[PDB]
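*Asks:* Whatever this is, show me its structure:
(11 chains)
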Amino acid sequence: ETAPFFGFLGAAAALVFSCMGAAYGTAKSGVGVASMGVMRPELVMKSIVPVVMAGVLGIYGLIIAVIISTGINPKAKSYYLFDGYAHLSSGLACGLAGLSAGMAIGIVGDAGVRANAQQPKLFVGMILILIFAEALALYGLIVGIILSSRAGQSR
Amino acid sequence: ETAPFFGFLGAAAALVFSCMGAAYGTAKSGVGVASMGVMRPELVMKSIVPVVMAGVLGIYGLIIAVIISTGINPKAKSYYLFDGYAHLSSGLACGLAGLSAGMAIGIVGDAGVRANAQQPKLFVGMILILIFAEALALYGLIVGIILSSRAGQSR
Amino acid sequence: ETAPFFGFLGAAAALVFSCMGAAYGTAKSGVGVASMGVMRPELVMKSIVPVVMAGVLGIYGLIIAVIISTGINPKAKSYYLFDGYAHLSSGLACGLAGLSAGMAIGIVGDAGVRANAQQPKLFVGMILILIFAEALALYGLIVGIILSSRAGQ
Amino acid sequence: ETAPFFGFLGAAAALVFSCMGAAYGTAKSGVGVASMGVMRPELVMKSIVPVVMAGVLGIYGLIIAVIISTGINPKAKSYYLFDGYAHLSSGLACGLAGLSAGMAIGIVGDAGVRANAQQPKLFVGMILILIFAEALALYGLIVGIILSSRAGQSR
Amino acid sequence: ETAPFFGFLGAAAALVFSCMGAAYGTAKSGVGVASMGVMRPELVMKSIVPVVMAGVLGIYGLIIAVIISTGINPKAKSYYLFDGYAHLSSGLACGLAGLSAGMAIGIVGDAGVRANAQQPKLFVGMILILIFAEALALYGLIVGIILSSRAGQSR
Amino acid sequence: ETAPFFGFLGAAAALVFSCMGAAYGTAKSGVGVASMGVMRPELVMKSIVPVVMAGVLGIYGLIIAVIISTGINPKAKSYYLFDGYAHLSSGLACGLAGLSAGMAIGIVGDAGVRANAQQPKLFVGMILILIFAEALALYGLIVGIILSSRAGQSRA
Amino acid sequence: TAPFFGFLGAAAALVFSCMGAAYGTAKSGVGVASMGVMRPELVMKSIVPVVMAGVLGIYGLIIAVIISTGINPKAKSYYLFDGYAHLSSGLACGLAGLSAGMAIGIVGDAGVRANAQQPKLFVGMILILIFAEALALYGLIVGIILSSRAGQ
Amino acid sequence: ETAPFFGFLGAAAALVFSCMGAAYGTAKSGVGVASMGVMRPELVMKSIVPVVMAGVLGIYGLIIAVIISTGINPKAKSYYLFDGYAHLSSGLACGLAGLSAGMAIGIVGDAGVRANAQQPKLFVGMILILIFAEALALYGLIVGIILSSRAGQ
Amino acid sequence: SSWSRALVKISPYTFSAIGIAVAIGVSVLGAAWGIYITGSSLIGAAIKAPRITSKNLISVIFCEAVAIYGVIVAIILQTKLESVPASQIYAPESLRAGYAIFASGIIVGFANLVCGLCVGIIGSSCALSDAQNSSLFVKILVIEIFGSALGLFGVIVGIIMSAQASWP
Amino acid sequence: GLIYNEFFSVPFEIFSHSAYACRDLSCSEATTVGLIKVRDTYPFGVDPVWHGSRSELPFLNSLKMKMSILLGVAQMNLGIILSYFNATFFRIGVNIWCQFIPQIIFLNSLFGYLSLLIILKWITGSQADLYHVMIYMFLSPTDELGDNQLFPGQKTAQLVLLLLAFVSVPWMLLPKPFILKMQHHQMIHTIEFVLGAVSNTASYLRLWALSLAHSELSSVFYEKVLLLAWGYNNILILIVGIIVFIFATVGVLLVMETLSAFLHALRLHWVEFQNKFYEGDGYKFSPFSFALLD
Amino acid sequence: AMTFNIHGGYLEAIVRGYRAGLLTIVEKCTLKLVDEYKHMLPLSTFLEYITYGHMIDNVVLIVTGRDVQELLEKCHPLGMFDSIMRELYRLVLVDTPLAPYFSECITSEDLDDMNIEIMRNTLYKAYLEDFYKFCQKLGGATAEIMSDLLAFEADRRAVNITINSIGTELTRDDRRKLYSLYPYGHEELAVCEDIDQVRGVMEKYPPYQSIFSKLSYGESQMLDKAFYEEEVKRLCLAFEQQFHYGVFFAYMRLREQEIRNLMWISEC
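*Replies:* Residues are numbered from 1 along each chain as shown, chains lettered A, B, ... in the order given. Coordinates below:
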């Protein structure tokens, strides 16, 4: 039917929004890292952790997209409209959550890197903030996985 | 037939909007903490309260989304448009409440982090304000729970 | 047949708009309260009056949402469009009134925090202004309840 | 048929517009009175007139909306689309007039607070301006009442 | 037919637009008059003439709305689509003319308050602009009445 | 049978846009007059020319609207498709011309009133510029009068 | 009939990818010229970040090529599923490339300034930029996987 | 049926876009010339011709519009949508190219007006830049002629 | 349904012609924008010093290359046109050819615009850099040449898509 | 965790053998009218079958919500009871009997109907109530109806509780100012207490939400590890999956989950338990006991 | 981003070339720089604010009289433009950004602008008004530089007040009421009555930390020289001047600094 035209769209949107959020985080993280390392090159290595923390969202989005893509197989079963709609919903939710988490992580990491050289306690504070932010991305990934799994029944 | 699309979209919207609100709150709190903790190490841990206070809203939104996803069961009951409409309404209400709470909590937490360097007698007031704001998240979760409970009784 | 698709949406919109207005008011109220407490910690506890009164709008919105949810009883009576549309309109009106009251209360509290910080002698005037603002929210809640009461075709 | 939709929409629009106008007027009045609350608290007590006027305008709008709602009795007489359209138009007119009057009164009070703070002799002028502004709300309420009464003339 | 779906809506919109324009003009004039009275309390009483003149818009709008409402009467005679369309057009023209006149009168009065406060010689002379604005409003009302007079022309 | 709705809408739009142009011109004219006040209160009377121009524009718009409304005679000469579209087009053209003329007149009059203090003998040149601008209002009125019946009464 | 969407996917994949590629290359190029005003030697080596940004266009170009080759109407019946899948596959690749290039442009522009100030931090800037550039590669992987679903 | 309407709309767009682009370029060049006149009035006419060079784009647009008008006639053939749409596309392409070239030439002339005054030796460079810009307009005219050639089906 | 049927019933020849014209239009617009961007900096440098006119002309030539490529693509698209027979006005082959033509035109136009903007920005920076120091002109020119490859890649993609035309 | 019958995101052998057994269903599907027949309840923890079943989410959610409601009621009762002890220890005035008694009675009675309904549904097995119809019975403010009521006296008990709650509102506001006037600030307690009671009651659901989130995250991690171990049982793939699972447990399960739980627990303790005690103010007395030297 | 090529590109290139070329002799260099700036005539408002920067001081100097005729000798068009004693002050209140505010703030005329100290107070108030006006035109990276300059001026005024002007009624309240992170956290300098206290106050801003150093130089001067000398030393940051941004103010500041250095050279 027309269900794939929505399911594949949702699967693509998940990865697209996740990549957009990861890029938005990484830009701010890199700007802050450069600003910090201009004056204190020693802490540049310690300031790179939020960049990887933001980049993990890209891997999460890629995993969600792979799951969504593997979840559609007309040769296996008739993908009714319910299955495609649920897959699209899961993709949209995962992508939006990833984008929001990436933006938040980028802002927080840029602020922390700007404040990194001011006090060494920033090395712990920014790490804690980044972990708390990535918790939201993990929760979104879990919700997307649950929705994708529930999409498999379709009566 | 199209009702499960509406229900899945409502659950996805709830999760995504809650994630966005939590991300905005966490980013604001992280910026405030990065600004405050440069001067003193007190803001490193004694003022990390909003960092988890904002993630509480995301946890509540994830719980509501999981409940909504578990609500749909075509193999157990052929859902009419009533179930889809109720699920979509509950998801929209939960997501909007989560976003509003996230924005308010982020603003209040940024203000509190800025004021942290001031007289510490205001910590109790800041915590009280944060709790009063976060009460909106609980109210939204209650409304969503009531809607989900009333959802399945369709004729 | 399509009446619930409007009634549930109206209830959700009422709750969402009430929450949005409450948050909009509470942001300014909390900013002003934090500023005053930094300036004068003595009156910080007594300055949470607009912050506390902000939650009243959210409570009223939750009550209206609960009433709207209790209104939709398909088993009790076949929900014609005349009831679902009325419920949706009542919810929309309550939510818009709550949002307007929240914005007004936020502005009033933002002004009153500085007003009390400069001189606590204006606390009575600030409270009177807040009560006058909340009168709009009370009127909106009453109107929403009255409109929801007309679900009998 | 679908006339109750139009009637309910008109009543809701009337209530919403009246509430928005009253809120804007009250916010402007409070912003104005914030200075008078410190510059001359003795005159601040008499400065609450514009807030009362805004509340009165909101009350008039709510009363008009309540009358419009009470005019809808489907079980007593069938509501033709003519009556619903007339009621919706009456509500829209009352709401727009109330919002405009509230905004004008709010601006007038915001100016008059400083005007009276500079010189107490401007209280008479402020009162005259407020009365002239409230005349518009009174005219709008009268027009809405006339339209609501005429709404039942269909057959 | 569905005549009041447009005729009554236009009748309401006429009063709505007239009230909005009068409110804007009165707000501008009141701000100017408050500033002038703060500058000099002597001119406050004498400078209310533009404020009063701006009130003619409300009277004209109320009269037009009453005439339009009286012009709709299915019991007396059925009104076709043309009978309602003409009334709606007349109401829209009257409302737009009232809004334009109100805005112009508000700007003119805001300028004239300062003009009179500076040079009392030009105070009385400046009333020509207000007279011209009132004449424009009267011409618009006359055009609207002429348009509305064609209510019974249908057949 | 739906053409009269379009015709009445066109007449109303003509009146509304003419009034809007007149108001836009008069606002700038009054602002300039107030600015020229106190500095040269003697020239207050001589500065009323833009007010007269705005009043003339409003009168022309009202006359065009009344002329259009005079064609609302459904008791004879069935409107057909032309009597609505032609009237609407004529009204729209007249209103837009009035709005443009009002904006130009307001700009020129405000500039002249502001410049009336420097080289006061340039009032004649300012009035000449204002008249050259306001000629567009007369041109638009003529065009509207031409379109008032050219495509309206020739439906047969 | 449906194949219009499938054809549009390939065009969109290249267009949206190049849109972000130009934006990344522009920001990276501007910083390089600023550094080249004073630091003569540092600018020559700093061109790598611009070269890295230009690679994203190549990745989008290859993805577009695959989509075009798979839209053969006379070879196999291009049902609506194939058109929907190809359009979806292109949309992800184009959107991801646009975001990935945008981050590289923002990061690269700051990196040129940072290198001109302290040459030591050049390694750190490259590492962050390389990690950011992996998102475009991540988008490429998703594009291949989605396009591979054109079996039926 | 609607192909004549599509062709007429395309011709109108071809005229209007080129006219707007030429007008913008000429206005920018005239502002630049007026600014440069007060400094070295002896060079006011030394660059007035490239300032008014927007007449070239105007004439090209007029020629394109005339060509598009000529090709539409019911008597010659009952042209279908394949002809009207093609004519509209050719006209739109020519008009867009003309507008872009006019804007670019206006900016280049605004720069060159000051550049030549600051350095008389830069007149040849400004002329070369203007010729390079007008190459785009020439290419657009060629493309428009080529497209309109096939429209006579 | 009825609205969907009307949307599916639109003439593909109109869409194909629109895309063909839009490709050339967007290419011309992007080339002109890039030319203006480069020319502002070139004129500024010449005002500073007329020594680097030959070096500056390379940016203008590169910008005009985008317009040349767009013109070539437009000529190819015009060659791709057919007679549009009445019988096959809604045939699947005609619809596929029209969709492919529109997609190729849109891709070519967007790629040309992006490449023109990038080349204009690069040349504007490079002229100022050369004015600052003529030693850096080689690296700037190399970077501009590398960035110009976006237009070539877009043209290649459009040419590849052009083979899909099969209008009877 | 031992109570929850979940060990490292995996069930295990309960003190009993199997709480619920598939009613017949030697070959029939689990989703059936017979479903699963329980021989006896597992005392050590939850039924092992329930954890891995499709119906895990609804039953576990209902149980967690009921447990959270009961725990919040108990904590609020303890906090309110501490008020009388604090008043007696400090020998406070008649304000305790004047205000502490109505304050501890109104909220207790208001939550008592819900707590008793939850207990009765758990005790009497009134399946006609479940998680939803309990709220439905609590929803109606008006009298009459009561068709779904399970308590034999619920028809009169609800009205009595409503009357008591209505009468308790002034009893918590008047007597303290009355005593103050007789012996010759209540605005701070006024209005705040009424909304704060509802806020504290609602906040208890945070514990249930956190528990559900932790369970979901642990289940996701365990599912990923099992999928790696089953299909990717190859040595390199198995080692990589084990390393990934260890890293995930260290990150989310160990650090993030514990931090969030601690923060939520502290917020709950301050918000409700401390609300009825402590009262703030004061300072920490400290002598010059070589504190800097220490 | 495309707006730079849309307009202002040629002027930006000319300014960049003039700045790159830069490096009674001091008077001649100042006249040449002023002529170059004038010949350059969106960016118009920026140029007006940049000129008004020194025009505030020029108008303050012209406000005297008292040998007022000598002001024509220093009629440098860069700062001493003719377009930019209460009766004459009202006339001079036009064509300047800070003049309308100073009309009310300095309505006492010579009473609030006494040549000993209160004239410096009026000049500081005018400088604060001009800095606020410049910061109002936000949208570029120059906001940070403007904030740094205003902070340096305010901190230098506060240090001068705490050093010796405290006896001249420049108390802690006057450190911001009359003496023009500083726009939000200037209260820390109200109690910095000692050089060690000044260093401690500077410790609140780690970028400002170690800038005072021993405070033997720079902070030793009164008026606005204490923290302004820190900005002069750190002006190497302004020497970056990243492209496609407003650099006219940076070029003007660099030319002024070069003129000051040439004047300080004098007879070696």
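
*Asks:* After the longest helix along chain A, heading C-terminal, what element do we hit next?
*Replies:* Counting residues, the longest helix in chain A under DSSP state H turns out to be helix A:3-39. Counting by DSSP states H and E, the next helix or strand C-terminal to helix A:3-39 is helix A:49-70.

*Asks:* Give the buried residues for whatever helix or strand comes next after that following helix.
*Replies:* Following helix A:49-70 in sequence order, the next helix or strand is helix A:81-114 (DSSP H and E). For helix A:81-114, a neighbour-count test (16 or more other CB atoms under 10 Å in any protein chain shown) marks A:81-114 as buried. Where C-beta positions appear, they are placed from N, C-alpha and C, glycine not excepted.

*Asks:* contacting residues for residue 62?
*Replies:* Picked chain A for this. By CB atoms under 8 Å, 6 or more residues apart in numbering or on different chains, the contact list for residue A:62 reads A:15, A:18, G:138, G:141-142.

*Asks:* To clarify, I was referring to chain J.
*Replies:* So residue J:62 contacts J:130-131 (CB under 8 Å, 6+ apart).

*Asks:* Name the nearest residue to residue 130, ignoring sequence neighbours.
*Replies:* Using chain A here. Leaving aside its sequence neighbours, residue A:130 sits nearest to residue A:53 (CB to CB, 6 or more residues apart in numbering or on different chains; 4.3 Å).

*Asks:* um, chain K though
*Replies:* Once flanking residues are discounted, residue K:130 sits nearest to residue K:98: 4.6 Å by CB to CB, 6+ apart.

*Asks:* what does residue K:55 give?
*Replies:* Per CB to CB, 6+ apart, closest to residue K:55 is residue K:84, 3.7 Å.

*Asks:* Doesn't that neighbour lie inside a helix?
*Replies:* No. Secondary structure assignment places residue K:84 outside any helix; it is coil (DSSP: H, G, I helix; E, B strand; the rest coil).

*Asks:* Isn't it up against residue K:57?
*Replies:* No. Residue K:84 is not in contact with residue K:57 according to CB atoms under 8 Å; the separation is 10.8 Å.

*Asks:* Between those two, point out the one with more neighbours.
*Replies:* The neighbour count for residue K:84 versus residue K:57, taken as other CB atoms under 10 Å in any protein chain shown, is higher for residue K:84 (21 against 15).

*Asks:* Quick one: the helices in chain K, in order.
*Replies:* In chain K, the helices defined using DSSP H lie at K:3-6, K:9-21, K:25-39, K:43-62, K:86-92, K:99-105, K:118-136, K:142-163, K:174-177, K:182-185, K:195-202, K:228-234, K:248-265.

*Asks:* Quick one: check stretch I:138-148 for contact with chain K.
*Replies:* No. Judged by CB under 8 Å from any CB of the partner chain, stretch I:138-148 stays clear of chain K, getting no closer than 12.3 Å.

*Asks:* Same question for that stretch: list its buried residues.
*Replies:* Of the residues in stretch I:138-148, those buried (16+ other CB under 10 Å) are I:139-141, I:143-144, I:146-148.

*Asks:* Redo those as CSV? Include distance to chain F and secondary structure.
*Replies:* What follows is these, written out as CSV (distance: CB to the nearest CB, whole Å; DSSP: H, G, I helix; E, B strand; the rest coil):
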residue, distance to chain F, secondary structure
I:139, 53, helix
I:140, 48, helix
I:141, 50, helix
I:143, 49, helix
I:144, 46, helix
I:146, 51, helix
I:147, 46, helix
I:148, 46, coil
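
*Asks:* just checking: which of the residues you listed also lie near chain G?
*Replies:* Applying CB under 8 Å from any CB to the buried residues of stretch I:138-148, those adjacent to chain G are I:139-140, I:143-144, I:146-147.

*Asks:* quick one: which of these is nearest to chain B?
*Replies:* The shortest approach to chain B among these belongs to residue I:147, at 33.8 Å (CB to the nearest CB).

*Asks:* wait, the closest one sits on residue I:122?
*Replies:* Yes. Between residue I:147 and residue I:122 there is a contact under CB under 8 Å: 5.3 Å.

*Asks:* Report the central residue of chain I.
*Replies:* Centroid-nearest residue in chain I, with CA atoms, centre = their mean: residue I:112, separated by 2.6 Å.

*Asks:* Whichever strand or helix holds it near chain A anywhere?
*Replies:* According to DSSP H and E, residue I:112 maps onto helix I:92-132. No. Helix I:92-132 does not reach chain A (CB under 8 Å from any CB); its nearest approach is 15.9 Å.

*Asks:* so what secondary structure elements neighbour that helix?
*Replies:* helix G:3-38, helix I:12-48, helix I:53-79, helix I:137-147, helix I:149-162, helix K:3-6, helix K:9-21 (3 or more CB pairs under 8 Å, 6 or more residues apart in numbering or on different chains; DSSP states H and E).
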